[PDB]
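Listed below are the residues making up each chain.
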Amino acid sequence: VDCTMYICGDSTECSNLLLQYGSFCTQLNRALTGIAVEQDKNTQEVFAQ
Amino acid sequence: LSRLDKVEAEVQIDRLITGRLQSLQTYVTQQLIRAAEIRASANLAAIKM
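Reading the values: the criteria
- Residues numbered from 1 in each chain as written, not as in the entry; some residues may be left out.
- Chains lettered and ligands numbered in written order.
- Part of a larger assembly, values for the part shown.
- Heavy atoms only, no water.
- Helix = DSSP H or I, 4+ residues; strand = E, 2+ residues; numbered from the N terminus.
- Buried < 20%, exposed > 50% of the residue type's maximum accessible area, 1.4 Å probe, protein only.
- Areas by Shrake-Rupley, 256 points an atom, 1.4 Å probe, with all protein chains shown as cover.
- Disulfide = S-S within 2.5 Å.
- UniProt positions renumbered as here; feature names shortened; annotations may be inferred.
- Patch = residues over 30% accessible without salt bridge, like charges linked within 9 Å, V, L, I, M, F, W, Y side chains within 5 Å.
- Salt bridge = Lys/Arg side-chain N within 4 Å of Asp/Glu carboxyl O.

Per the PDB record, the structure was determined using cryo-EM to 3.3 Å resolution.

Shown next as structure tokens:
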């Protein structure tokens, strides 16, 4: 998820307001990327034996 | 606290409280899920032992 496109969409005005909450969009994208890499790990360790 | 009188300050402080408390909740939730992952790995290591 692009946390900024989700929360604000195209708006620059919303994007500037959003930046004042700081790291939260980075935390969200980092969590979803970790979940995504775990799915390749899961398939690797089940099938690539 | 150096700069605004009490009733104007209280609104600004309530904004800081809200966002900081949400940052703490995010931390403690992610730590509870990491704790479950390490707990599972510790149970596996106890079995391996």
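Participant: Whenever I open this one, the overall build of chain A confuses me. Can you help?
Facilitator: When its secondary structure is counted, chain A shows three helices and zero strands. In chain A, the order of α-helices and β-strands from amino to carboxyl end is α-α-α. When its C-alpha atoms are laid out on the principal axes, chain A stretches across 50 × 20 × 10 Å. A burial count over chain A gives 10% of its 49 residues as buried. Carbon and sulfur atoms provide 58% of the accessible area of chain A, an area that totals close to 4200 Å².

Participant: What exactly am I supposed to notice about the state of the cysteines here?
Facilitator: Working definition: the covalent bond between the sulfur atoms of two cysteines is a disulfide. Residue and element names in this part refer to chain A. For the structure shown, the criterion picks out two disulfides over all chains. Between the sulfur of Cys-3 and that of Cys-25 lies a disulfide, 2.0 Å long from S to S. One disulfide, between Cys-3 and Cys-25, carries an S-S torsion of -65° and so falls in the left-handed class. Of this pair, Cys-3 sits in helix α1 (residues 3-7) while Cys-25 sits in helix α3 (residues 24-47); the two residues are 22 residues apart in sequence, bridging distant segments of the chain. Classification of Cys-25 by relative accessible area gives buried; the value is 13%. Across a sulfur-sulfur distance of 2.0 Å, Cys-8 and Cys-14 are joined as a disulfide pair.

Participant: What's the story with the UniProt feature "disulfide bond" in chain A in this structure? I'm lost.
Facilitator: Residues and elements named next belong to chain A. Between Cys-3 and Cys-25 the annotated UniProt disulfide holds up in this structure, with the two sulfurs at 2.0 Å. In this model the annotated disulfide between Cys-8 and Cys-14 is intact, with an S-S distance of 2.0 Å against a 2.5 Å threshold. The exposure class of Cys-8 is buried, given its relative accessible area of 13%.

Participant: Looking at this structure, I do not really get a nonpolar patch on the surface. What am I missing?
Facilitator: Residue and element names in this part refer to chain A. A surface patch of nonpolar side chains, amounting to about 550 Å² of accessible area, comprises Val-1, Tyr-6, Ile-7, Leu-32 and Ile-35. Contributing elements (two or more residues each) for the nonpolar patch: α1 and α3. On the secondary structure map, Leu-32 appears in helix α3. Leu-32 sits in the partly exposed class, given a relative accessible area of 40%.

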